[PDB]
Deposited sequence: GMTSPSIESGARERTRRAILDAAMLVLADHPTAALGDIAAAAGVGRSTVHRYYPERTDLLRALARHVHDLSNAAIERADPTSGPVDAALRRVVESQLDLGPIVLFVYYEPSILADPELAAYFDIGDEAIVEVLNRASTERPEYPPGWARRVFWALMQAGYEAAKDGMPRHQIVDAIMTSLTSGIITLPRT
């Protein structure tokens, strides 16, 4: 049953990666991304609709644990922001679906379905904020997290990416 929960979570994490790159989550794609048999996916999720509902709950659970562990409201804002960046990078493709600023590739209706908000993060950004328009910092933050996710997907070390996002946030890239 420890193995069983591991299998479930592996299928859900696999489905999230597939959905990032494909409108629909075909059974072949999901089973291959999970590294389990097609019949095993069907065992856990008879219908694709059962899988989607379970995926949304899993995404919510991951995001909830991440934000609680980041503890964005306590302590020096520089350290708090770094914990936030680290926490979101570890969520992987979830950052592509954030409601306020979805990735260009995210199916808008999938983003609406997942309904992933960002108030605690908005508040940490505010704590650290010259005269940018309403919502701009929030948009840049999520665009940069998505860039960081893609960089990691493209083979770059997580530590370098976190540092890169932090410097870009505080200093930009050119002088």
- Note on the structure: Stretches of deposited sequence not represented by any CA atom are 1-8, 138-140, 187-190
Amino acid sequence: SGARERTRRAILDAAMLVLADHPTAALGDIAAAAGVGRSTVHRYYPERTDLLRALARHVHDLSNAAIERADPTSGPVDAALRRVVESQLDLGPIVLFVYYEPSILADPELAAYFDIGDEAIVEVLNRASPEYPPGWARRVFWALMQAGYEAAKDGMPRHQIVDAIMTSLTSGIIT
From here on, numbers count along this sequence of modelled residues.
- Note on the structure: Of 75-83 vs 96-104, the stretch with the larger average CA B-factor in the entry is 75-83
- Of 16-24 vs 162-170, the stretch with the larger average CA B-factor in the entry is 16-24
- Looking at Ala128, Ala120, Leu52, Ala147, which has the biggest Cα B factor in the entry? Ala128
- What third of its chain, lowest, middle or highest, does the C-alpha temperature factor of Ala151 fall into? middle
- Task: Give the position of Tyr44 by CA B-factor within its chain, expressed as the lowest, middle or highest third.
- Result: highest
- Message: Using the temperature factors of the C-alpha atoms in this entry, rank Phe114 within its chain: lowest, middle or highest third.
- Response: lowest
- Note on the structure: Of the three thirds of the chain ranked by Cα temperature factor, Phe141 occupies the lowest
